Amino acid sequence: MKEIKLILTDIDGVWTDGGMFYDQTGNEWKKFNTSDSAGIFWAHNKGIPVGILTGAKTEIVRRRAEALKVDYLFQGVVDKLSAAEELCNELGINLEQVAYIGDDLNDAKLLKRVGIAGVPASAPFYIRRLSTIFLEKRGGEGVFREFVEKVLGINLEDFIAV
């Protein structure tokens, strides 16, 4: 199991089922899973920072990232690979030391280049097949939590200890 010094994640399709609610005025909702917050916990327990890369720019994600003590947030990302480089360079780590989870076309380049790639079970096939680990969960089912636990090797003794 590789050495991971950064954990990065997409939001829609990973922390959610891809759901995007719109009301008659064009306001938007998203639905996260409380199970995913434990992903942050295990990460921080092992001394690893967590970053979010998203193409959108919403208070929804800013707040949720704030709720969960996420270390790095990049919104309005036009090129997720560029986003991860920048952050890696700033952290002084290489892409090989990154575990990233994404679910769609704009996640492909970065997924083909990270140390560990995860893709939820809900995702398109040609993205799915880029996953270097088996994830059973679908987007919004707690797959970010599943991703982190597997990447970090969280066992029973890990659970007991906390």
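Numbering starts at 1 and follows the sequence shown.
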Ranked by mean Cα B-factor in the entry, 101-109 and 121-129, top stretch is 121-129
On average, which has the higher Cα B-factor in the deposited entry, 2-10 or 153-161? 153-161
Top residue by Cα temperature factor, when 116, 52, 67, 43 are compared in the entry: 67
Quick tally, chain-level thirds of C-alpha B-factors: residue 77 sits in the highest
Place residue 141 in the lowest, middle or highest third of its chain's C-alpha B-factors, as listed in the PDB entry. highest
Going by the entry, which third of its chain does the Cα temperature factor of residue 91 land in? highest
